[PDB]
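J.: Build me a model:
(one chain, ligands or ions: 1)
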Amino acid sequence: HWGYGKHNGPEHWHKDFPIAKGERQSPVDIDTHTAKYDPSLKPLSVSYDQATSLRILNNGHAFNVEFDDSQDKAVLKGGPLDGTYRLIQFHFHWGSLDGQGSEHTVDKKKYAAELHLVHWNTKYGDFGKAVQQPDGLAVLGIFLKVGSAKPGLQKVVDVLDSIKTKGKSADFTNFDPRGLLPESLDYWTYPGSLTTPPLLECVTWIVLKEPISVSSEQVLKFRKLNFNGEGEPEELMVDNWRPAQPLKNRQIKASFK
Ligand SMILES: [Zn+2]
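T.: Numbering: from 1, shown residues only. Sure, structure below:
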């Protein structure tokens, strides 16, 4: 019964998921004055030309756009990564107000939302095995600010009415995740965790420096989703973000000077 409410939110998760207080928890604050350029880093390779989206699902915590991950169709490689990481899904975290919603922060700044493109390391065969490994996942995180509309997000926005409540899904084929990227692939990276229970410390985070802009109308439609199931009292799906966790014995590295 974890969530983001009044009595089940992030500050409670440790009782069921003690790794919530672990050594490598996410998100974190990215201090641009202490992150250090790492010349050993390579450019990201984002290879999404062959992506096969399938479905969009309201899981009661966010919505996931799911992909066919049974072949190397949409992969992330390079950067800090060794090997090939396959896209399984993306989802967002967002606020009730434009001044909060992101999970990572940058010099303590909160963005309106954050996109997570989740990938798993093909050496482990499937997602469920990958999450048991320290290098099992690679999550590309992208900040959202409110300003101009993001045209490539609109197809997501316009299906949201069909998945208003927890447990609803809809077909979502032929969606191109390249339309969600900023111009630059400059990034910060560090080792961390899933940001929802079970909070497993299996993630290489790659957080892009350049945010994307979305419109106030686009974010307002996200805020019409519901945490609840159909036929239950309405609870708007807002503020589904975990706050920054202690960095502990980690360093954040930058791909750029
Ligand atoms: Zn996430």
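
J.: any idea how far the closest residue to residue 172 other than its chain neighbours is from residue 123?
T.: Leaving aside its chain neighbours, residue 172 sits nearest to residue 56 (4.2 Å; criterion: C-beta to C-beta, 6 or more residues apart in numbering). The way it works is simple: take the backbone N, C-alpha and C, and place the C-beta from them, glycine included. Residue 56 sits 28 Å away from residue 123, going by C-beta to C-beta, to the nearest Å.

J.: Comparing these two, which residue is more hemmed in?
T.: residue 56 (24 against 14; other C-beta atoms under 10 Å).

J.: what's near enough to touch that one?
T.: 63-66, 156, 159, 163, 169-170, 172 (C-beta atoms under 8 Å, 6 or more residues apart in numbering).

J.: redo that, cut-off 7 Å
T.: Residues in contact with residue 56 (C-beta atoms under 7 Å, 6 or more residues apart in numbering) are 63, 65, 159, 163, 169-170, 172.

J.: quick one: the residue nearest to residue 172 is in a strand?
T.: Yes: if the criterion is DSSP: H, G, I helix; E, B strand; the rest coil, then residue 56 is within a strand.

J.: Dig out what it forms beta bridges with.
T.: residue 65, residue 170 (DSSP bridges).

J.: which residues touch residue 46?
T.: With C-beta under 7 Å, 6+ apart, residue 46 has these contacts: 76, 185.

J.: coming back round to it: looking at the contacts of residue 56, state which has the most neighbours.
T.: residue 63 (26 neighbours).

J.: Look up phi and psi at that residue.
T.: Backbone torsions for residue 63, taken as degrees, to the nearest 10, come to phi -120, psi 150.

J.: what's the answer for residue 216, then?
T.: phi -60, psi -40.

J.: Give me the spatial nearest neighbour of it, chain neighbours excluded.
T.: Nearest non-adjacent residue to residue 216 (C-beta to C-beta, 6+ apart): residue 146, at 5.5 Å.

J.: Quick check: that neighbour touching residue 112?
T.: Yes: judged on C-beta atoms under 7 Å, residue 146 makes contact with residue 112 at a distance of 5.0 Å.

J.: Quickly list what's touching both of the two.
T.: With C-beta under 7 Å, 6+ apart, residue 146 and residue 112 have common neighbours 98, 219.

J.: The residue nearest to residue 172 and residue 66: what is the separation?
T.: 7 Å.

J.: Surely residue 64 is in contact with residue 87?
T.: No: under the criterion of C-beta under 7 Å, residue 64 makes no contact with residue 87, lying 11.5 Å away.

J.: who has more neighbours, the two?
T.: residue 87 (28 against 20).

J.: so who does the more buried one touch?
T.: Residues near residue 87 by C-beta under 7 Å, 6+ apart: 51, 67, 69, 74-75, 117, 119.

J.: Return the member of these nearest to residue 133.
T.: Proximity of those to residue 133 (C-beta to C-beta) peaks at residue 119, which lies at 13.1 Å.

J.: Show the residue spans covered by the helices in the stretch 51-200 of the chain.
T.: Under the criterion DSSP state H, counting those that start in this stretch, helices of the stretch 51-200 of the chain are mapped to 127-130, 154-159.
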